[PDB]
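These notes are about the structure you will find just below.
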Amino acid sequence: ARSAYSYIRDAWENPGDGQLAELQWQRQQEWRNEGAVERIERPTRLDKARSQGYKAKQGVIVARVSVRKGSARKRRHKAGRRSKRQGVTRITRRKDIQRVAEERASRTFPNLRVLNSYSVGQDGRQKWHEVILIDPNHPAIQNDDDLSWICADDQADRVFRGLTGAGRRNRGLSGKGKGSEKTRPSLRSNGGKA
Amino acid sequence: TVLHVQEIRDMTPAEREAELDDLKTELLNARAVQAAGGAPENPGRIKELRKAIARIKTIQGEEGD
Amino acid sequence: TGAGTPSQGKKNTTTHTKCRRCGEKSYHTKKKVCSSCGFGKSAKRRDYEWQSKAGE
Amino acid sequence: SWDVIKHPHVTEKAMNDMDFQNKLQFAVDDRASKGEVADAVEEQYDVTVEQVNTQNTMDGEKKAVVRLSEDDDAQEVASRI
Amino acid sequence: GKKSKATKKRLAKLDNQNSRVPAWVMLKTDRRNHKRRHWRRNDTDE
RNA sequence: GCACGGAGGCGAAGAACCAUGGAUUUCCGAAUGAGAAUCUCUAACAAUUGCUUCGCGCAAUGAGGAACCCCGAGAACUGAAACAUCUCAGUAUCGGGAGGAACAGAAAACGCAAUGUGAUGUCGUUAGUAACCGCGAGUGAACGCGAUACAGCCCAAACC
RNA sequence: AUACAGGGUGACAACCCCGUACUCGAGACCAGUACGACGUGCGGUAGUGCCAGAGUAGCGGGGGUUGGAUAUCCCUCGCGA
RNA sequence: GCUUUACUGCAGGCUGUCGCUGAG
Ligand SMILES: [Cl-]
Ligand SMILES: [Cl-]
Ligand SMILES: [K+]
Ligand SMILES: [Mg+2]
Ligand SMILES: [Mg+2]
Ligand SMILES: [Mg+2]
Ligand SMILES: [Mg+2]
Ligand SMILES: [Mg+2]
Ligand SMILES: [Mg+2]
Ligand SMILES: [Mg+2]
Ligand SMILES: [Mg+2]
Ligand SMILES: [Mg+2]
Ligand SMILES: [Mg+2]
Ligand code: NA
Ligand code: NA
Ligand code: NA
Ligand code: NA
Ligand code: NA
Ligand code: NA
Ligand code: NA
Ligand code: NA
Ligand code: NA
Ligand code: NA
Ligand code: NA
Ligand code: NA
Ligand code: NA
Ligand SMILES: [Sr+2]
Ligand SMILES: [Sr+2]
Ligand SMILES: [Sr+2]
Ligand SMILES: [Sr+2]
Ligand SMILES: [Sr+2]
Ligand SMILES: [Sr+2]
Ligand SMILES: [Sr+2]
Ligand SMILES: [Sr+2]
Ligand SMILES: [Sr+2]
Ligand SMILES: [Sr+2]
């Protein structure tokens with residue numbers, strides 16, 4: 001039969017309709033009054049969290065992060081530039097907002113490692129994402145068959161090197177064939193043309 | 001030289017400390033005679049005294065005092 | 001008053017001093033920042049790739 | 001562990017202080033206070049220290065001028081080292 | 001000026017280094033302090 | 001010790017010297033009780049976190065490293081015999097971060113179209129080919145093939 | 001001479017000295033890998049619309065980037081299975 | 001370097017539209 005989780009899932013396919021609509025209208029009022037990174041006891045989208053690796057266990061942390069909406073916040077050129085490199089307004093950054101959110105969260109919790117993240121809406125001037133972080137130093141986690149992999153030394157600061165799911169997608173690593181000629185195995189090795 | 005490692009290990013903790021203060025004093029007096037430009041020196045000892053003290057201090061830590 | 005010799009006589013201010021962190025006489029005692037190693041400005045050590053030829 | 005007294009400071013001026021004012025002069029650890037210099041001295045030569053003046057020298061060391069009580073005789077104390 | 005205790009220690013060292021290479025070193029090496037400094041002609045650090 | 005002096009000393013209680021392990025290891029320094037041009041003032045994981053016996057009790061982070069590596073920011077001189085798209089070039093340089101190597105990686109692949117191949121790097125080639133481009137100057141792959149090395153698995157949910 | 005590499009030594013040295021050939025020993029890396037062994041249990045038939053990752057797939061506006069040309073990858077605003 | 005109704009662009013301001021954005 002349908003899991004209770006599927007109901008949370010199905011509700012979020014249209015965050016603008018039904019009860020969820022009312023919840024968001026109510027919630028965001030409080031979120032707007034919260035900081036940039038607020039730790040929270042429980043995921044707002046349980047099905048998503050569990051699906052991404054979340055577990056109700058010691059060493060598993062969830063935090064909501066908000067980031068200003070829109071394109072790049074760039075300063076116009078103070079030195080000579082050819083028309084091409086004079087743009088300022090319509091230029092956007094190469095990292096999506098979710099990635100910026102994952103990094104801020106990870107900065108707030110220096111000892112934790114980003115496991116994954118997902119969206120929880122936005123208003124006209126900002127977007128919110130909840131990030132799942134794991135404590136690689138807690139025994140409850142060092143002994144987990146599903147999460148202990150994140151305790152390895154080469155997993156340290158994984159978010160800052162683009163090793164997150166959002167990181168890999170944003171680096172154009174989804175496709176295994178056509179279109180990934182310059183993304184795999186890394187943007188840098190391909191001369192940075194991906 | 002005159003003081004060997006066995007002899008030191010054979011001393012009780014109290015003896016090593018009494019021997020330590022003794023050595024420190026000879027040294028201090030040598031450094032005093034040196035400050036006065038005194039020549040009745042024997043440069044080899046001023047050097048031995050330091051090593052002796054290092055030995056006793058090394059042994060003390062080893063034995064747990 | 002000329003900008004040369006006559007103006008050099010007024011220089012009796014102490015700015016750069018021996019730095020606690022790196023030892024170079026580059027700790028600006030008025031800014032409390034080392035122009036050589038970055039002490040007072042950054043926990044990380046002051047460094048730049050332009051301090052050497054690009055391919056070296 | 002650093003000691004307080006390094007060595008006696010013996011010079012013309014030091015001798016005068018010793019013959020005319022019952023004062024002894026020492027090169028001491030620059031981290032030592034006047035009080036710590038007083039104690040150390042009383043415990044090394046068994047005397048009563050009345051006053052201690054200090055100076056951080058241009059030799060990188062600290063010099064102490066220790067005046068003994070009228071009970072003690074500097075000339076004699078210094079004469080046994 | 002007013003020198004601190006540390007400044008003083010550093011000045012003291014500079015004064016000490018500013019000495020002659022002992023004569024016996026001359027003999028031992030069978031034949032110069034390249035760091036000889038003058039208070040006037042030179043400028044120390046800090 | 002370098003270092004071919006003087007004096008003196010150590011070594012058969014086996015020194016010197018070498019290897020391995022241990023002891024000691026001032027102050028500043030990420031520098032962390034507060035402050036400071038290496039010092040000073042009156043018990044210290046400062047700061048941010050996780051766990052929590054909710055007490056800094058147990059832990060993490062910080063900074064370094066020749067380059068290599070990953071993620072971001074990103075010129076201009078120059079070429080086009082001017083120059084704006086283009087080029088130089090995702091180069092120089094900047095921000096962040098890991099390791100001994102990184103990154104990638106078990107197909108919502110390929111599409112020598114097949115009764116065919118079978119995770120991923122990399123090397124040789126495919127090829128200056130296809131593609132781009134004031135269709136100018138210039139830019140420029142991939143599938144495949146021959147090699148190197150080979151390795152495949154774990155969750156979410158269903159039912160409990 | 002399984003040693004005629006090289007160096008040193010008061011001048012051109014296989015045989016003056018260190019070495020060199022041969023043989024042997026130890027540490028490090030390979031690697032906590034390979035092998036081996038413990039446990040676990042592969043797989044097949046029939047029925048069953050019970051389960052299988054959403055601002056996603058996809059579309060449009062604006063940018064960047066790419067050999068990617070209608071047919072590259074990415075960012076952003078909007079819409080959206 | 002400077003100028004302008006030189007060429008081409010870029011900030012900035014004004015203005016419409018979409019999102020923020022709801023009820024009658
Ligand atoms: Cl991380
Ligand atoms: Cl094929
Ligand atoms: K140009
Ligand atoms: Mg399982
Ligand atoms: Mg005074
Ligand atoms: Mg002098
Ligand atoms: Mg401190
Ligand atoms: Mg040109
Ligand atoms: Mg690579
Ligand atoms: Mg032309
Ligand atoms: Mg190119
Ligand atoms: Mg292909
Ligand atoms: Mg370009
Ligand atoms: Na972190
Ligand atoms: Na002295
Ligand atoms: Na001077
Ligand atoms: Na040491
Ligand atoms: Na700590
Ligand atoms: Na605590
Ligand atoms: Na030209
Ligand atoms: Na020109
Ligand atoms: Na072009
Ligand atoms: Na073929
Ligand atoms: Na591109
Ligand atoms: Na778009
Ligand atoms: Na000009
Ligand atoms: Sr780190
Ligand atoms: Sr004037
Ligand atoms: Sr004048
Ligand atoms: Sr002045
Ligand atoms: Sr600062
Ligand atoms: Sr640097
Ligand atoms: Sr002097
Ligand atoms: Sr002068
Ligand atoms: Sr294979
Ligand atoms: Sr699936």
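Order of the sequence lines sets the chain letters (A, B, ...), proteins ahead of strands, with each chain counted from 1. Values below: all heavy atoms of this structure, side chains included; hydrogens, waters and symmetry mates excluded.
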Q: State whether A:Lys69 places a side-chain N or O below 4.0 Å from either non-bridging phosphate oxygen (OP1 or OP2) of G:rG78.
A: yes
Q. What string of B, S and - do you get for nucleotides 148-154 of chain F, 5' to 3', when a contact is any protein heavy atom under 4.0 Å?
A. ------S
**Q.** Which nucleotide in F:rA109, F:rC71, F:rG96 has an atom nearest any side-chain atom of A:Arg107
**A.** F:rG96
**Q.** side chain to side chain donor-acceptor pair (under 3.5 Å) evaluation trace for A:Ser117 with A:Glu102
**A.** CA-CA 7 Å; A:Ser117 80; A:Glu102 303 194 323; 2.5 Å; yes
Q.
Any side-chain N or O of A:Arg76 below 4.0 angstrom from OP1/OP2 of H:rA11?
A. no
Q) Does OP1 or OP2 of F:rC70 have a side-chain N or O of A:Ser186 closer than 4.0 Å? A) yes
Q. Would you call C:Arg45-C:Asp47 a salt bridge at under 4.0 Å N-O?
A. no
**Q.** Audit row: A:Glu130, A:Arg64, salt bridge (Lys or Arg N to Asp or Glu O under 4.0 Å) steps and yes/no
**A.** CA-CA 4 Å; A:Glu130 302 194 328; A:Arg64 178 188 303 115; 3.3 Å; yes
Q) Is any side-chain nitrogen or oxygen of A:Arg90 closer than 4.0 Å to OP1 or OP2 of H:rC10? A) no
Q | Side-chain N or O of A:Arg45 closer than 4.0 Å to phosphate OP1/OP2 of G:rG55 | A | yes
Q | Phosphate-side-chain proximity, A:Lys182 and F:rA141, N/O vs OP1/OP2 below 4.0 Å | A | no
(Q) Whether the side chain of E:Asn33 engages the backbone of E:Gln17 through a donor-acceptor N/O pair (distance < 3.5 Å, no angle test) should be reported. (A) yes
Q) Tell me: CD of A:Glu181 to P of F:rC143, nearest whole Å? A) 7 Å
